[PDB]
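Before any questions on binding or motion, here is one chain by itself as structure tokens, the form deposited in one PDB entry.
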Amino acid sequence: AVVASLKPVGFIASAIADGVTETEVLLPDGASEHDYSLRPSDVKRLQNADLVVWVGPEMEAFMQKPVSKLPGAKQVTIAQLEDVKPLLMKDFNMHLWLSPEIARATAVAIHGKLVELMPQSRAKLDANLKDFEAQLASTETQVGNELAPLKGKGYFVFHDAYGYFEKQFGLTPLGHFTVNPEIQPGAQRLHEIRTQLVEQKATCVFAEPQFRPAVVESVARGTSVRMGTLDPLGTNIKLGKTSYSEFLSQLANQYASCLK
């Protein structure tokens, strides 16, 4: 199997590995990449993986050690890909699985590695990469269209996970409650967010399923601000050939459900 650190990385891997090998995901649904320790059974999967795929040590630091022990031919470290370095945005935001362009680079790297590891599967791997890129292009056209009328509407997200996606599709967030969703915002920060929401005529605040939404709801009350929910880890999406496109589509729907 290809073992992916986080579900959306698993989504990309599962487009490319479909009908070639299985894809497994380390981080369970409901858990957060900002607050995780590997289980003994997580450590097992890694040593036995045909290929490991992760963002890198500035993201999933809990994986750096066992990953450093593997051969280079048995890993893809997304944030260190030569194609990815030029695309990193300000040091750098590591929420890379939400960048369609980084997703392509990641697909390419996975394809290359699997072609080496599994030469019998070259044709299917080639076809998979082809299909992935076609589907992604359609998805980007669709998502761009869905989000176009929402450009300029201000909102707050719970944590700073969405930058690549927002930049690609022209969404205009006013800010985030937290950088690390592990760190409690503080009351001062919370009334300041509300002032900004009210003053700058924001339309939404967004909770996330991995974190209790109490604080998001508290900031909204009194105001005209609607509450939505964004899931940066695609919990409700099953791994599979079309999962990545489904993920980007669902995220777009989550923004639109509130912002429209």
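We call the rigid core the largest set of C-alpha positions that still match within 1.5 Å between the two forms. Position 1 is the first residue in the sequence shown; the rest follow in order.
Omitted from view is the form deposited in another entry, to which the following refers.
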| query | finding |
| --- | --- |
| Candidates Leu233, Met59, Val219, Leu27 - which moves between the shown form and the other one, C-alpha at least 2 Å, core fixed | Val219 |
| Residue shift check between the shown form and the other one, rigid core fit, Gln210 Cα at least 2 Å | yes |
| After fitting the core, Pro100 CA displacement of 2 Å or more between the shown form and the other one | no |
| C-alpha of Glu133 moved at least 2 Å between the shown form and the other one on rigid core | no |
| Direction of the Cα shift between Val179 and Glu166 in that other deposited form, where the change is 3 Å or more | farther |
| In that other deposited form, shift in Cα separation for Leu38 relative to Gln184, 3 Å or more | farther |
